[PDB]
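A quick write-up on the structure given underneath.
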Number of protein chains: 4
Amino acid sequence: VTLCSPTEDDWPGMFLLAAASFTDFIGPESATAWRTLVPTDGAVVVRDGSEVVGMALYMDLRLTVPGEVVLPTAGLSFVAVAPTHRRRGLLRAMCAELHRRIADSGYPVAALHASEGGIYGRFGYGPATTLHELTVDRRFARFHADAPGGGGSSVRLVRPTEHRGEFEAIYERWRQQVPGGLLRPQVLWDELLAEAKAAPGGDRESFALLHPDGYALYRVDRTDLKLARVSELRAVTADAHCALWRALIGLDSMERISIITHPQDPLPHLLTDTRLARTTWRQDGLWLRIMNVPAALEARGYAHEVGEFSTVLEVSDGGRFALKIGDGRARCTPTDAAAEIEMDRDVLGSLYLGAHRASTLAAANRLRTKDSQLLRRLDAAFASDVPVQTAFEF
Amino acid sequence: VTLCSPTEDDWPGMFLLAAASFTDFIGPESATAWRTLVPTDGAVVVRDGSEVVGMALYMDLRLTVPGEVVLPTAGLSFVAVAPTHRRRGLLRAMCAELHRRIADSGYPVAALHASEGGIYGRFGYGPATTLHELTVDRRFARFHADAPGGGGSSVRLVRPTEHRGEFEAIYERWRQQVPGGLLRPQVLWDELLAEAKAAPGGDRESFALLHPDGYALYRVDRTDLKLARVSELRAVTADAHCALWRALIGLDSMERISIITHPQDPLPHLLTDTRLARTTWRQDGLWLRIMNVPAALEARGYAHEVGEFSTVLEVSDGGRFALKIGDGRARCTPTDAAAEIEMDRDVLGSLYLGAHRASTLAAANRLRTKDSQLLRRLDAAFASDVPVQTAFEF
Amino acid sequence: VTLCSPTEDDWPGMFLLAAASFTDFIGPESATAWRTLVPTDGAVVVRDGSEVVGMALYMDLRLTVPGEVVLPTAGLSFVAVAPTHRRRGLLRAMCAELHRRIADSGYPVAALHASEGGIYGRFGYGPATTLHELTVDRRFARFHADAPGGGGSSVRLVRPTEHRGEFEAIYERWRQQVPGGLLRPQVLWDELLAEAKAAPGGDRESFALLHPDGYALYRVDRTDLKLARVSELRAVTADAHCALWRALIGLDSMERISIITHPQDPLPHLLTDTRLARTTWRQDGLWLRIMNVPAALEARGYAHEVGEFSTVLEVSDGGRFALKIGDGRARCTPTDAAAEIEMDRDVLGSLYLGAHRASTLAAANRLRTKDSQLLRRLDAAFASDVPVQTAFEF
Amino acid sequence: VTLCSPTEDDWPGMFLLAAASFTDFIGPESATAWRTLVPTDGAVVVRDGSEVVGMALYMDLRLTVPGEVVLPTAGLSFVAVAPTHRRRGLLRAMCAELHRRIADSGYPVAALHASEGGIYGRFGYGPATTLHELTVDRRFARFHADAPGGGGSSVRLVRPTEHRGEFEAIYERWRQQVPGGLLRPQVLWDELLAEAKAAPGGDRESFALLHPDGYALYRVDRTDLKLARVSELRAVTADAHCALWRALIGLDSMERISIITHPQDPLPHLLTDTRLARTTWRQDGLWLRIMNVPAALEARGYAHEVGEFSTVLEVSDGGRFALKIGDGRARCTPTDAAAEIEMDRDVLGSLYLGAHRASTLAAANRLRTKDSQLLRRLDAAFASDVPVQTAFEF
Ligand SMILES: CCN(CC)CCSc1nnc2c3cc(F)ccc3n(C)c2n1
Ligand SMILES: CCN(CC)CCSc1nnc2c3cc(F)ccc3n(C)c2n1
Ligand SMILES: CCN(CC)CCSc1nnc2c3cc(F)ccc3n(C)c2n1
Ligand SMILES: CCN(CC)CCSc1nnc2c3cc(F)ccc3n(C)c2n1
């Protein structure tokens, strides 16, 4: 049981473990595309005696954080232990080696999507963004008198494949402007438009709604032909967001439109009946591990409505820092002064993009302090002006 | 078709319309208890030719708003139009007469629970609190190392009826301290403990978990004998909240615990796996209509982390005001100066308890302003330190 | 946290814990009937500081084992830990005290029904009888030419309550003759005929099919009015068993008859289409803990078709014995000779009534031996001529 | 309406009737592979006026029976009557002609899988093996301290297609050793690995778990992506059986593992909680018709624990025999002595592999005798040491 970087001969074995481990695995050509996003020495495999029984890698990603700041981010993915080698500490060993490499490469943060919610908190990952599924009963949906775009429509119904360039440009603007935003490279746009084709005995053809400042990708569900699934909706202005929803509610053959969006999606407020946009499903999105506390805390913007304050943050087994926050900027310096706020590294990941209130984590004792005032100040300071969203699964 | 205050002879006809209109109606003795909360001239009926075909009333309630301030509140309830008299404007007429009486009596706000979400926005009511149903799969539920109370338990399993006094005192402390809090009078405690008994071919016996600083009322579901429904959980400290959840997760015969709680419930953060507390259901709770804008805005506390700022708020058909917010206090005076922020009265109701961000309503154009800075300032100012909750249905 | 025998004042607290712990709990009058079957010092309670947070008791039962031998049996029941006192070792402590008392009273075996299947093996209990639910689609059911009773019917349709004496006598004959048989006292016949009445918004009226040598109790399901549930069918001869099934298949208004029976129920072989009697559900019934290995092994009959053989059985932490089995009788004496067969005490409980083959437990390594021949000999010796059945839940 | 052997021109018509009659029919190339297992004059067709409206054939099979004895077996299959020619006695006529040919060729037994359970008993076929579906909730599954293989795993995760030779050799060992075992020829291994590929809009890719002494083939279900279906698990030792189940329980992405196995599968006993392996489904497997009673009875081994005994067996319309069973061997000679045991030919098929107890068939009067002692002796004699299993559907 050796742990090392895969050579070219190891990848066929990794694709086998992938096929066996991941129900969403497409195949080798698809996996070879994703592979272009893995840097030299971004992958570890565990071999036995030699077949691959363990793998983990990170991709080079660019994550937008509050203040429209873009951080280089280690995107953890393709993590699998062979079912024949469970409870053998192959995960702990592989995660430890990737975190060593990520830390030493100068990534301030690492991110992942969790297949399960009870395995990543112990490695320093906290849930940082929230997914909401909204299901609209569009037969009762009337737009409010106040809703924008209520002449002729600026939204066009188009073949996704013929307007790639327009989607790329709209997404590029979106991701630079929104916390949770990720740069989407060429190979992930190749994959998105591939998954947009009708598969024989699979998914149905996908259509696009195209606005100068927004797009929605949607398809009719395989089995329920009265449900339209919005796979992606990216709007840069409120005009674009409302116009795309007028078009989607205009799908008169459908009973229901479903979308995975965020808790602050304004759609419910566009309707005379907020309740018609039901929350069916709610889950953690992106998980963040802060690799370097001072680098991360200093890199993001803070609320400019919070008055300058100072405190001492202890991260368990992650350092103690004098934290000065003033006019949306933070300075974070080593100190041995008595801590005023204590928290595990994962709790910091959860606060970092403004998705979770410090008051809430405090109420669960994930975040300790004997000062209510400091709690309110952290809450306000760490809050994000632009609501935090999830870019894409990796 | 006359509109007037009911005499004693009208109530049997009102109970008939109630039985026909409300599936949760219990009977005349129950209705006569609720009736003790209706003031002289708090009820209107529409008679035809004379049977009752229309009714509406308000109860005298005490609503806690941010800053632990208690407002007298007109609680709208028992609103019904006979199915034989629909689309005859009996609602508009009855609501108009009650709002006249509520306004002239000096209630700063009115509140209701909506049977439907598309009928109260036009009368100036905005959704002000959010209900979340959490369902825990308690077979996988492990408390975090950081979770309080992890000697001997301070929680007791008791018959609800034998510890009324302890529940009353705990609730009384809870309601004075939490936005959305309502004073619960004697007759509503009589009703709560009545609905806690096993009904022949109805609900099962209810049990209580009693802590010095919290209680939970729970029962096993009628049909699914592996599901425990928490009807009420009121905790005054984080210790009480966690201890009651250790006890509920200790119901080893159950697969699932379900509760109606709020979006900021810390329970998910008490567990090693946040995902085990799934959000199954999400809906508007209390709806608020601001009867007097200056009285309401001046009565609540504001975030003390927001720096003093001034603006002009126009409420559509509800006045224009110079709004000065400073050190958690507001002054609100008539002005004819140009408005900087415009919104319908219902949008103000939605902001009033801090459940909805001004940024979100702005993104839907329910709230108009050409100043991003003022938007962030309203967001921070109107936010509530203590998370907003729903007391009880009326 | 004291462990002691309950006084008269403790029982109200025990009934409270019962109501909270058991969804099948009826009430105090019912519990007080069952209580008549608990001997002096048959109950333990754990008090805190004083409310009951723990209880366990055994009832005095008479269990028929192979060879039509009746053993005094400690029937463990009414076992509950308050949800506020989990993971505090109250079960281990209570079970240890009852086993001390059971052992010292001279019970050779103890029995229970398990609410869950993963908590009793560690206390020496093994699953000893198997329940099968058969569901017959009676619309296709034709009896075989070979099936008995195919003049006039000897089966009568009767009110259960008017023929108590006939049911008692038939059951008394059944239980003396069948492994798994339990003596049913007067108070359990009072309970059976009570649960046979229609409950307002509960179960429907129960009817009896009465043969000189058998009865079936049945009722129509609460919700599915095309399903008849056979609550109990006790037949002393094959004639009685077939006649009662001709009558049940004669319920022409029903689509389905369901019964909880045993794996060797001959019903499938009474039909031209064995498949029409589908096995819907299968579970452990009675669990046995052997309190005294030599007393238990010497008390039961063995297959007379197995030729005299000798071996050494080691029960883990339960003694080592020279085991001589010959002409359906066993002698079991202390030895220090090398063991030829090793097994935990629970594995012995599972073998004791002939429901599980030694070969099967061997294949799972629950039962160790380096002799295939001895395995076949144990299999044949421990097999029961009369198939093993479950009497009633306690 | 003529009955004869098909010429080469009849097969296209037979494939048409197959496609119309069998939902599991794949196509002509697949059918042409199976056809290689049909001997010269193993097929009958009924032509009308000339399209095929009737067909039946047998394949040459090798069935392992108790005592590890391999019998040549007529495997009845591809039996269909056109829906236009029902109730015309085409089945009775075709079955009669194949049984003539099977008898005259010197097959001691014939076997089939029944599409329905009420049509083959009248032709002398009795259900001889039992299928159990086990569904494991693998999230709660913990192996017992006693379970084998609890260093490094000897189980490998492999592509089925790359380890054909290893599966063939393991199966060949399995089938020679187990009652119900069938030789699987090359063309049935071609079919098994063909059905193991992912079909576009069909089944998902199949994976193998490979041990030196066992394999499991498994795939994720089409629709329920949290369920793994074990299509085949063949273990030669208990070590192999437990190791393959440690691997399957190691599929951490799945909630449920389902397998079609036998009533004596030791899996439930490998777990701390036997109940986690639920029996969801139970059905007849292989059906046996004894073509030659003396040849069949003399060919199988009997329990060596049963003391030499003699009796007279009458098979209805199938002969009367002096049956002497001693030291696991039987002699079966014509007699006209008074019968002591009577049964239809199908009842003998059901007893032949030890799946059904003579006591059980006696209790249903499918098997007549006025001697309890002889019944116990038949039970013990006919019982199989190695538990009876089902090889593959034909
Ligand atoms: C997470 C969203 N899924 C679509 C439903 C992903 C498609 S399946 C797939 N295949 N190879 C890879 C892969 C290969 C690498 F070398 C690195 C990362 C990869 N990811 C995320 C992969 N995902
Ligand atoms: C809203 C919560 N329900 C319990 C499920 C209420 C119980 S049914 C009922 N009956 N009379 C009244 C009544 C009579 C009045 F005069 C005034 C208000 C009333 N409410 C809310 C009532 N509700
Ligand atoms: C197990 C079958 N159930 C019927 C569905 C039982 C009815 S509820 C009940 N109540 N008190 C008792 C009780 C009281 C005792 F003191 C001792 C044993 C008891 N059991 C089994 C009890 N069961
Ligand atoms: C019973 C298991 N099924 C797989 C699900 C079988 C695959 S479909 C099929 N096609 N042709 C034949 C066939 C052709 C012959 F000439 C003889 C036997 C055959 N069987 C069983 C066949 N089965």
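Under a 5 Å amide H to amide H cut-off, with H placed in plane at 1.01 Å, what residues pair with A:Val109 once short-range neighbours are removed?
Distant-sequence amide H within range of A:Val109: A:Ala74, A:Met291.
Using amide H atoms built in the peptide plane, which far-off residues or other-chain residues are under 5 Å from C:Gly301 H to H?
Distant-sequence amide H within range of C:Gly301: C:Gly67, C:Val69.
Counting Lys and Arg as +1 and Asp and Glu as -1, what is the net charge of the other residues whose Cβ lies under 14 Å from the Cβ of B:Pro294?
Numbers: positive: B:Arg300, B:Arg320, B:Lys324, B:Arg329, B:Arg331, B:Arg345; negative: B:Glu298, B:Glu314.
With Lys, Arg at +1 and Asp, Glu at -1, the net is +4.
What are the ³J(HN,Hα) couplings of the stretch C:248-265, residue after residue, when phi is run through the Karplus curve with 6.51, -1.76, 1.60 and θ = phi - 60°? Round to Hz, x for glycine and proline.
In residue order, the calculated couplings are 4, 4, x, 6, 6, 6, 8, 8, 9, 10, 10, 9, 8, 9, 10, x, 9, 4 Hz.
Which distance in nm do the two modelled labels at C:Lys324 and A:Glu97 give, with both placed 7 Å along the Cα-to-Cβ direction?
6.4 nm
Below 8 Å between Cα atoms, with a sequence gap of 6+, how large is the relative contact order for the stretch B:290-385 in percent?
Result for the stretch B:290-385 is 29 percent.
What is the sum of charges around C:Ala338, taking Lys and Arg as +1, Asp and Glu as -1, for the other residues whose C-beta is under 10 Å from the C-beta of C:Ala338?
-2
Classify chain A as rounded, prolate or oblate, taking a ≥ b ≥ c as the square roots of the eigenvalues of its Cα gyration tensor: rounded when a/c is under 1.5, otherwise prolate if a/b is larger than b/c and oblate if not.
The shape class here is oblate.
Find every distance from the label point of A:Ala199 to the corresponding label point in the other copies (7 Å from Cα along Cα→Cβ) and write them in nm, one decimal, shortest first.
1.7, 4.8, 4.9
If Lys and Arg each add +1 and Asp and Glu each add -1, what is the summed charge of the other residues whose beta carbon sits under 13 Å from the beta carbon of C:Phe15?
Once positives and negatives cancel, what remains is -4.
Whose amide H sits under 5 Å from the amide H of A:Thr261, counting only residues 5 or more places off or on another chain, with H placed in the peptide plane?
When sequence neighbours closer than 5 places are left aside, the close amide H contacts are A:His132, A:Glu133, A:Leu134.
Among DSSP bridges having both ends in the stretch A:298-394, what percentage is antiparallel? Round to the nearest 5.
85 percent
Taking the label point 7 Å from Cα in the Cβ direction, how far apart in nm is A:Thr237 from each other copy of itself, listed shortest first?
5.5, 7.4, 9.4
Take every DSSP beta bridge whose two residues both sit in the protein assembly as shown, then give the antiparallel share in percent to the nearest 5.
90 percent
What value, in deg cm²/dmol to 500, does the helix sum -39500 (n - 2.57) over DSSP H runs of n ≥ 4 give at 222 nm once divided by the residues of chain B?
Calculated mean residue ellipticity at 222 nm is -7500 deg cm²/dmol.
Distances from D:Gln373 to the same position in the other copies: list them in nm, one decimal, shortest first, using label points 7 Å from Cα along Cα→Cβ.
2.8, 10.0, 11.1
Need one number: % antiparallel among DSSP beta bridges in chain A, to the nearest 5.
Working: 72 of 82 bridges.
The antiparallel proportion sits near 90 percent.
What distance in nm separates the two pseudo spin-label positions at D:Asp24 and C:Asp190, each 7 Å out from Cα along the beta-carbon direction?
My value for the distance between the label points is 5.7 nm.
Under a plain spin-label model, where a point goes 7 Å from the Cα along Cα-to-Cβ, how far apart in nm are A:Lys370 and D:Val69?
8.7 nm
Rounded to whole angstrom, how close does the nearest chain A beta-carbon get to the axis mapping A onto D, and which residue is it?
A:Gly201, 1
Per residue of the stretch A:373-382, what does 6.51 cos²θ - 1.76 cosθ + 1.60 with θ = phi - 60° give for ³J(HN,Hα)? Whole Hz please, x for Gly and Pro, Karplus curve as stated.
Listing the rounded values in order: 4, 4, 4, 4, 5, 5, 2, 5, 4, 7 Hz.
Apply the a/c threshold of 1.5 to the C-alpha gyration tensor of the protein assembly as shown and tell me whether it is rounded, prolate or oblate.
Taking the square roots of the gyration eigenvalues as a ≥ b ≥ c, the protein assembly as shown is prolate.
Using a 10 Å cut-off around each Cβ of peptide D:253-264, what is the average number of partner chain Cβ atoms that fall inside?
Other-chain Cβ atoms within 10 Å of each residue's Cβ, averaged: 2.
Read phi for every residue in the stretch A:287-303 and hand back ³J(HN,Hα) as whole Hz from Karplus 6.51 cos²θ - 1.76 cosθ + 1.60, θ = phi - 60°, with x for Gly and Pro.
Karplus-based 3J(HN,Hα) across the stretch A:287-303 equals 9, 10, 10, 6, 7, 10, 5, x, 4, 5, 4, 6, 7, 8, x, 10, 4 Hz.
Where a number appears in this text, it was derived from the coordinates with a stated rule and is not lab data. Virtual Cβ from ideal backbone geometry, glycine too; neighbours counted across all protein chains shown.
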